[PDB]
Amino acid sequence: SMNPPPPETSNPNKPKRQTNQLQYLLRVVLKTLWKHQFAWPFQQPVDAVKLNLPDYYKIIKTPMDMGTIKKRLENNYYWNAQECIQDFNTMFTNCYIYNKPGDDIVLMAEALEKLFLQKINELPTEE
Ligand SMILES: Cc1noc(C)c1-c1cc(O)cc([C@@H](O)c2cccnc2)c1
């Protein structure tokens, strides 16, 4: 079995812009979620081969993870904060679609999501 290519993190054709909100997403939001005790399953793309989940990429067609998000932030991939917020949302929603409501991995995602939303409440206004 095989994993798909990861989500795009480099594209010289895509216009880029640094914004105070993007800087906050890296320096506050991502950094805080990354250090959380439940972050580890989310720090890299799901390796469906290693985890013996052959159905994963049949069910999840818009994959996303914090490793990818970290690279997109550090390598200035984004034009705006909404693109980055959408990536986090995709990551959470994927987890909830693929797994069962009770599952440990779901409780971990929910903890991270609660935290994420608290941090998004302090998103600075655009300079
Ligand atoms: C994220 C995500 N979304 O769907 C799946 C499935 C994962 C996932 C990713 C991993 O890297 C490891 C594990 C699994 O071994 C685990 C981790 C923690 C608790 N309970 C189970 C699950």
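Numbers for residues simply follow the sequence, beginning at 1. In listed order, ligands and their atoms are each counted from 1. Quick note: numbers below take in every heavy atom, side chains included, and nothing from hydrogens, waters or symmetry partners.
- Taking atom 18 (C) of ligand 1 as the reference point, the nearest protein heavy-atom neighbour is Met108 SD, 3.6 Å.
- Counting only distance, with no hydrogens or angles, the side chain of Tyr56 and the backbone of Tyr98 share no donor-acceptor pair below 3.5 Å.
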Practice task
Given side chain to side chain donor-acceptor pair (under 3.5 Å), test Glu83 with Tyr77 step by step and report yes or no.
Solution key: CA-CA 10 Å; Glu83 288 176 280; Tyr77 181 80; over 6 Å; no
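- Side chain of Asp103 to main chain of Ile105: no donor-acceptor pair is present (N/O by atom type, distance under 3.5 Å, no hydrogens or angles).
- Note on ring orientation: taking the six-membered ring where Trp is involved, the planes of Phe38 and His36 are tilted (angle from 30° to 60°).
- When each atom of ligand 1 is checked for a heavy atom of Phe42 under 4.0 Å away, the hits are 1 (C).
- Closest protein heavy atom to atom 11 (O) of ligand 1: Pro41 O, 3.3 Å.
- Close approach of ligand 1 to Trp40 (heavy-atom distance below 4.0 Å) involves ligand atoms 17 (C), 18 (C).
- Looking at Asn99 next to ligand 1, an N or O pair under 3.5 Å apart turns up.
- The protein heavy atom nearest to atom 7 (C) of ligand 1 is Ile105 CG1, 3.9 Å.
- Using a 4.0 Å threshold on non-hydrogen atoms, atom 9 (C) of ligand 1 counts as touching the protein.
- Atom 15 (O) of ligand 1 has its closest protein heavy atom at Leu51 CD2, 3.8 Å.
- Under 4.0 angstrom from ligand 1, there are no non-hydrogen atoms of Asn94.
- When atom types are taken as modelled, the side chain of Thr93 and the backbone of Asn89 share a donor-acceptor pair closer than 3.5 angstrom.
- Listed by number with element, the atoms of ligand 1 under 4.0 angstrom from any heavy atom of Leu53 are 6 (C).
- Residues satisfying the side chain to side chain donor-acceptor pair (under 3.5 Å) test with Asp104, not counting sequence neighbours, are none.
- Hydrophobic clustering places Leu30 together with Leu117 (ILVMFWY residues linked when any side-chain heavy atoms are closer than 4.5 Å, directly or through intermediates).
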